[PDB]
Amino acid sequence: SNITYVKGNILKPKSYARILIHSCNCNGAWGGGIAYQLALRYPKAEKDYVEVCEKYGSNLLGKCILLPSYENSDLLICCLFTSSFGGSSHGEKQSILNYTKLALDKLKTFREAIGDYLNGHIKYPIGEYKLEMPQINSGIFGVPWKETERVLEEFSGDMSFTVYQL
C-alpha cells in the first residue's frame, strides 16, 4: 500500500525530481540489466559508483550511495549495495533481501536528517525527490519480486515507492 505500480520504462523522462533506486554489486560493474542502461546514459554517475566500489568493495554491503545523474538535475541515482558480485556470481536470496532492507534503512535515515557525491549537484532538499525503482532483485539477481515487495512494505509510513513494471 506504500507501493504504487506503474507500467512502463523508468528511464522515460519525467517532469518531477526523483531518485532512481536500483540494486548493485560491489564489484564496480554496471554490467547488465538496468545498471548497464544507467551506465550508457549517466557515465559520470557510473564513474562515482566505480570509485566507491574500488575504495570500499564488499564493505559496502547493506549501504547505499546517492549520486547525481549529472545529465539531468531532476534525476538522482541511489545504488543499494546488496551483492558482492554481479551476474551469475551474485549472492544468495536471503543475503540480497537482508542487504536490500539495510540499504533502504540508510536511505530512510538520510532523508530524515551516503551523500558525499551530492555536494554541489543536488538541486532540491532531499525529501522533495520521489522514490522510484524497477522491480529490483528480480532479474539478474533472481529474487522473486513478491519477496522484495514485502521488504518495501516494511517501510510503510516511512517511505513510499513507485515501482515500474515493463
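One-based numbering along the sequence shown.
J.: How big is the unmodelled gap, if any, between residue 113 and residue 114 relative to the deposited sequence? Choose none, 1 to 3, 4 to 9, or 10 or more.
T.: Count of unmodelled residues in between: 10 or more.
J.: Averaging only over Cα atoms, indicate whether 154-162 or 16-24 has the higher B-factor in the PDB entry.
T.: The stretch with the larger average C-alpha B-factor is 154-162.
J.: Hey, which bit's got the bigger mean C-alpha B factor in the entry, 126-134 or 40-48?
T.: Comparing 126-134 with 40-48, the higher mean C-alpha B-factor belongs to 126-134.
J.: Go through 119, 69, 58, 100 one by one and give the residue whose Cα B-factor in the PDB entry is largest.
T.: Each of 119, 69, 58, 100 was compared by C-alpha B-factor; the highest is 119.
J.: Compared with the other modelled residues in the chain, in which third is the CA B-factor of residue 89?
T.: Answer is middle: the recorded C-alpha B-factor places it there.
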